[PDB]
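Heads up: the structure comes next, in structure tokens.
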Amino acid sequence: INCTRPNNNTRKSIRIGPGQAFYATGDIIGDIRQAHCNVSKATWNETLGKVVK
Amino acid sequence: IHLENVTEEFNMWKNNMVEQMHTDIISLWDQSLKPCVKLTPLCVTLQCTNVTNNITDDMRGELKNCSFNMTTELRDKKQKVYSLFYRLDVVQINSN
Amino acid sequence: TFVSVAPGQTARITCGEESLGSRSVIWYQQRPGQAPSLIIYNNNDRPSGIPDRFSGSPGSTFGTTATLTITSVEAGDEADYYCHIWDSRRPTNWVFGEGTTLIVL
Amino acid sequence: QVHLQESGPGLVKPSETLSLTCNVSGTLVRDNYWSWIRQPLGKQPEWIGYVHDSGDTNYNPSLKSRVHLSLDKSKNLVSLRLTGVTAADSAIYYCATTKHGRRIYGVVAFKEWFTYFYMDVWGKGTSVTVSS
Amino acid sequence: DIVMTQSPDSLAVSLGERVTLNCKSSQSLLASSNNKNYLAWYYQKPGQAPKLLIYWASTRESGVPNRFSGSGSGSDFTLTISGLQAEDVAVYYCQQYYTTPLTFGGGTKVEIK
Ligand SMILES: *[C@@H]1O[C@H](CO)[C@@H](O[C@@H]2O[C@H](CO)[C@@H](O[C@@H]3O[C@H](CO[C@H]4O[C@H](CO[C@H]5O[C@H](CO)[C@@H](O)[C@H](O)[C@@H]5O)[C@@H](O)[C@H](O[C@H]5O[C@H](CO)[C@@H](O)[C@H](O)[C@@H]5O)[C@@H]4O)[C@@H](O)[C@H](O[C@H]4O[C@H](CO)[C@@H](O)[C@H](O)[C@@H]4O[C@H]4O[C@H](CO)[C@@H](O)[C@H](O)[C@@H]4O[C@H]4O[C@H](CO)[C@@H](O)[C@H](O)[C@@H]4O)[C@@H]3O)[C@H](O)[C@H]2NC(C)=O)[C@H](O)[C@H]1NC(C)=O
Ligand SMILES: *[C@@H]1O[C@H](CO)[C@@H](O[C@@H]2O[C@H](CO)[C@@H](O[C@@H]3O[C@H](CO)[C@@H](O)[C@H](O[C@H]4O[C@H](CO)[C@@H](O)[C@H](O)[C@@H]4O)[C@@H]3O)[C@H](O)[C@H]2NC(C)=O)[C@H](O)[C@H]1NC(C)=O
Ligand SMILES: *[C@@H]1O[C@H](CO)[C@@H](O[C@@H]2O[C@H](CO)[C@@H](O)[C@H](O)[C@H]2NC(C)=O)[C@H](O)[C@H]1NC(C)=O
Ligand SMILES: *[C@@H]1O[C@H](CO)[C@@H](O[C@@H]2O[C@H](CO)[C@@H](O)[C@H](O)[C@H]2NC(C)=O)[C@H](O)[C@H]1NC(C)=O
Ligand SMILES: *[C@@H]1O[C@H](CO)[C@@H](O[C@@H]2O[C@H](CO)[C@@H](O)[C@H](O)[C@H]2NC(C)=O)[C@H](O)[C@H]1NC(C)=O
Ligand SMILES: *[C@@H]1O[C@H](CO)[C@@H](O[C@@H]2O[C@H](CO)[C@@H](O)[C@H](O)[C@H]2NC(C)=O)[C@H](O)[C@H]1NC(C)=O
């Protein structure tokens, strides 16, 4: 299985207090795409046949 | 090492040491958080607008661009800073 | 907006906002007194009828400006260029990009 | 060989529905998409809108209420109708055949693609010169 | 069980110069009680019954001259030759005798190039 977030993010530091840092999201560099995963169709059908067997 | 001519009955369901591993991984998950930072000053009113994007009215943006007052390192001055959050992490409190 | 080089030289013509997502820039040119003519319809493609060396920008690049690289210019190419970008993040631009003219020596 | 042929009044009176028709040259009105594009004097053009049969009726968000693009398939012409001519409407107007495409940057099943539109041919012109 | 994996499959060299061979184990064979380690390096000729070369993972057998050296402890082991002979160019083996089942190595067939 392959899994990805293709969005290129920018970590931005925000100073809360003395020695206190909050790491927020800055810019979305590029396209706004949806995170997803891939499995192989054929081997998943194969393993489902095995588990039904 | 292998043991010859021996037979023991096992049971993974009434087994111990899955209880021990569950308790130890929970407690060890907790113990790596005591040096970390509490978000006490971040529970604050978030003025959230949509992310800069071609908005489709049928679908929804899964990111909100939220600006808020943040306390600075000085206890006198506060600043205005923005961030990006997901829909699943913010809720609207009841125009503006 | 003008680009003044000798006829037969290199020229670039930038037009519009810096890129945000995956663009699809479309370039036109305006002859005076006539309706326009397309020159570029994809990021770096060209149709039949217009010759080469209208080298567009790669519109799959983030945080850049849509150029129009024209090497070996001539007086027959003299028109008013127009970018018309299709940014994936920004919405549909119904007006074209501003008139980026060309004069030749 | 494909060109175009506009037709309109030329001398334009305000507070009046405006009309334009676009003749064809070889290419019939049924097949391809259509578009109207206006341009003032010394300005960048303003694409009025693309129209076609079967629901392809997407217009400019500048107007949205006072323009009507359609065809004339009995005569093999294209029709534009306008409402409320003002001083900004003094511009030369163009018909065009447009075409489309796809620009893909992610998973196609996640609707991560958009359609561009390009006008490869262009019209000849009709001047909407407002005068009262 | 315990997997004994020899790292090369063959080694065709010239005669006279030294070589070296390795056997990795899937399990640390170093007996903590005896502080001594469990490899049998064997030598099988073509069509012959094998013989021991190295016992206790380091010590040569009687009848074997000084030109062999079993070396290394822990999990990865090395048989280093100092001078190749014509009597030596056949298959070597590594064996764990730490547990049942007694598993051998793959067998590195050393011949003359
Ligand atoms: C999990 O699984 C899912 C699916 O199961 C995966 O999801 C997939 O994810 C990938 C990447 O994340 C997506 O890829 C994009 O695909 C589009 C569409 O590709 C097709 O269309 C292209 C253009 O079509 C034209 O040509 C074809 C001929 O093939 C013709 O039939 C058609 O009518 C039209 O005329 C084709 O080029 C492309 O073919 C390419 O790939 C083939 C693969 O084997 C190969 O055989 C071909 O020879 C060719 O190499 C395919 O048919 C792509 O267009 C897109 O690529 C652009 O966008 C990215 C991001 O913006 C950019 O980085 C790329 O560089 C590229 O941008 C160039 O091309 C644009 C085309 O207009 C151009 O506008 C740009 O300016 C830029 O142009 C520059 O380079 C080109 C040459 O590349 C040059 O000509 C220019 O001058 C300029 O220099 C992406 O690759 C999939 O869509 C998506 N979904 C599916 C169903 O696959 C997911 O990734 C998996 N996840 C994991 C973790 O595994
Ligand atoms: C930015 O996002 C906007 C979304 O707001 C997006 O606009 C959409 O563009 C497409 C074409 O570019 C418009 O047309 C659609 O195209 C498909 C393909 O032919 C048609 O099948 C659609 O018809 C259906 O929907 C109609 C109603 O819209 C129905 O009348 C019809 O019977 C079909 O059910 C449709 O015509 C699409 O309408 C707009 N969206 C809106 C809301 O107007 C734009 O392309 C994006 N731009 C960029 C650069 O990303
Ligand atoms: C999951 O990702 C791996 C890469 O980590 C893919 O394996 C590659 O597949 C391509 C062919 O599609 C080969 O050319 C590469 O050599 C492979 N690389 C590796 C490291 O194996 C795999 O195909 C992906 N599977 C799915 C279902 O997307
Ligand atoms: C999130 O919103 C902030 C505003 O709170 C945006 O920041 C401004 O962006 C404009 C457009 O370029 C600039 O002119 C301003 O100077 C920016 N202000 C600050 C304080 O940075 C920001 O661009 C938005 N980001 C996203 C991803 O939507
Ligand atoms: C900004 O986000 C708001 C939501 O807080 C959008 O308002 C509604 O969004 C849904 C789906 O995005 C649409 O179906 C509704 O029609 C929207 N409401 C209205 C009154 O239009 C809003 O559209 C987003 N965009 C802008 C530009 O404000
Ligand atoms: C950040 O703090 C400022 C100042 O405390 C807030 O701005 C005030 O907002 C209220 C409500 O709209 C107004 O009545 C005040 O006049 C504003 N004061 C100033 C100085 O502008 C602001 O709402 C806070 N949050 C953000 C996101 O900026």
Q. Once both labels are modelled 7 Å past Cα along the beta-carbon direction, what's the D:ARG81-C:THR61 spacing in nm?
A. 4.9 nm
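Mind sorting C:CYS15, E:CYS94 by how few other Cβ atoms lie within 10 Å of their own Cβ, fewest first?
Working: C:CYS15 22, E:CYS94 27.
Lowest count first: C:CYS15, E:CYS94.
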Q.
Taking 20 Å as the cut-off for C-alpha to C-alpha distance, list the pairs among E:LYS36/E:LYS109; D:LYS13/D:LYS124; D:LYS64/D:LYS99; E:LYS51/E:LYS109; E:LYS45/E:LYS113; A:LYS12/B:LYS38 that go past it.
A. E:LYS36/E:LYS109; D:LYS13/D:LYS124; D:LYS64/D:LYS99
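Percent relative contact order of chain D, based on C-alpha pairs within less than 8 angstrom and at least six residues apart? Numbers along the way, then the final one.
Details: 292 pairs, mean separation 43.1, N = 132.
It comes to 33 percent, rounded to a whole number.
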Q. So for chain E, taking the charge dipole from beta-carbon charges (+1 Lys/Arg, -1 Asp/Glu), which of E:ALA90, E:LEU39, E:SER69 sits furthest toward the positive end?
A. E:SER69
Q. So for the protein assembly as shown, taking the charge dipole from beta-carbon charges (+1 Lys/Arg, -1 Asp/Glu), which of D:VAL51, D:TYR33, C:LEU68 sits furthest toward the positive end?
A. D:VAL51
Q. When the Kirkwood radius is taken over all Cα pairs of the range E:29-80, what Stokes-Einstein diffusion coefficient follows at 20 °C and 1.002 mPa s, in µm²/s?
A. 183 µm²/s
Q) Can you list the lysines whose alpha carbon is less than 27 Å from that of A:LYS41, not counting same-chain residues fewer than 8 positions off? A) A:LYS50, A:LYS53, D:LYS111
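Give me the percent of Cα-Cα pairs in the protein assembly as shown that sit more than 33 Å apart, rounded to a whole number.
Details: 83269 of 124251 pairs.
Within the protein assembly as shown, distances greater than 33 Å cover 67 percent of Cα pairs.
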Q.
Using a 7 Å offset from Cα along Cα-Cβ at B:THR45, what residues in the range B:73-93 end up with backbone N under 12 Å from the label point?
A. B:93
Q: Averaging sequence separations of C-alpha pairs under 8 Å and six or more residues apart, then dividing by the length of chain E, give the relative contact order as a whole percent.
A: 36 percent
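What does the charge add up to near A:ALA21, with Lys and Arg as +1, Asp and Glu as -1, over the other residues with Cβ less than 14 Å from its Cβ?
Values: positive: A:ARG11, A:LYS12, A:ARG15, B:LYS38; negative: B:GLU73.
Net local charge, A:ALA21 excluded: +3.
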Q: Name the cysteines of the protein assembly as shown that stand alone by the Cβ rule: no other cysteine Cβ under 4.7 angstrom.
A: B:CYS36, B:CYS43
Q. Near B:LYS14, which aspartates and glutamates are there with a Cα under 18 Å away, not counting those fewer than 8 places off in the same chain?
A. none
(Q) Give the separation of the Cα centroids, the range E:20-51 to the range C:1-59, in Å. (A) 74 Å
Q) Angle between the Cα long axis of helix A:41-52 and the longest principal axis of chain A, 0 to 90 degrees, nearest 10? A) 60 degrees
Q. With charges only on Cβ, +1 for K and R and -1 for D and E, what is the dipole size of chain D about its Cα centre, in debye, rounded to 20?
A. 100 debye
**Q.** Bins of 10 Å from zero: percent of alpha-carbon pairs in chain C
**A.** 16, 50, 29, 5
**Q.** Qualifying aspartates and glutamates (Cα of each under 16 Å from Cα of B:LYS64; at least 8 residues distant if same chain)
**A.** A:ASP27, A:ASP31, B:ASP89
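Grab the alpha carbons of chain E, take their convex hull, and tell me the volume per residue in Å³. Show your work: numbers first, answer last.
Details: hull volume 11.4 nm³, N = 113.
Taking the convex hull of the Cα positions in chain E, it is 101 Å³ per residue.
Sort D:87-96, E:56-65 for me by packing, meaning the mean count of neighbouring Cβ atoms within 10 Å per residue, highest on top. Walk me through the numbers before you get to the answer.
Working: D:87-96: 19.7, E:56-65: 13.1.
Going from most to least packed, we get D:87-96, E:56-65.
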Q | Convex hull of the range A:1-48 built on C-alpha atoms - directionally averaged projected area, nm² | A | 5.4 nm²
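Just to check, using Stokes-Einstein with a Kirkwood Rh over alpha carbon pairs, what's the diffusion coefficient of chain D at 4 °C and 1.567 mPa s in µm²/s? It would help to have the intermediate numbers written out before the result.
On the way: Rh = 15.8 Å.
Roughly 82 µm²/s, to the nearest whole number.
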Q) Size of chain B along its principal axes in angstrom, Cα-based, largest extent first? A) 78, 45, 28
Q) Counting alpha carbon pairs within less than 8 Å and at least 6 residues apart, what relative contact order, in whole percent, applies to the range C:54-105? A) 30 percent
Q) Placing +1 at every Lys and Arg Cβ and -1 at every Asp and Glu Cβ, with all other atoms neutral, what dipole size does the range A:2-53 have around its Cα centre, in debye to the nearest 20? A) 140 debye
Q | Residue among E:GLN27, E:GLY105, E:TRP56 farthest towards the positive dipole end of chain E, charges placed on Cβ | A | E:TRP56
Q) About its Cα centre, how strong a charge dipole does the protein assembly as shown have in debye, to the nearest 20, once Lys and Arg get +1 and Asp and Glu get -1 at the Cβ? A) 640 debye
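No Cβ is skipped: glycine too gets one built from the backbone with ideal geometry, and neighbour counts run over all protein chains shown. The numbers here are math on the coordinates, done by the rules we state, and not lab data.
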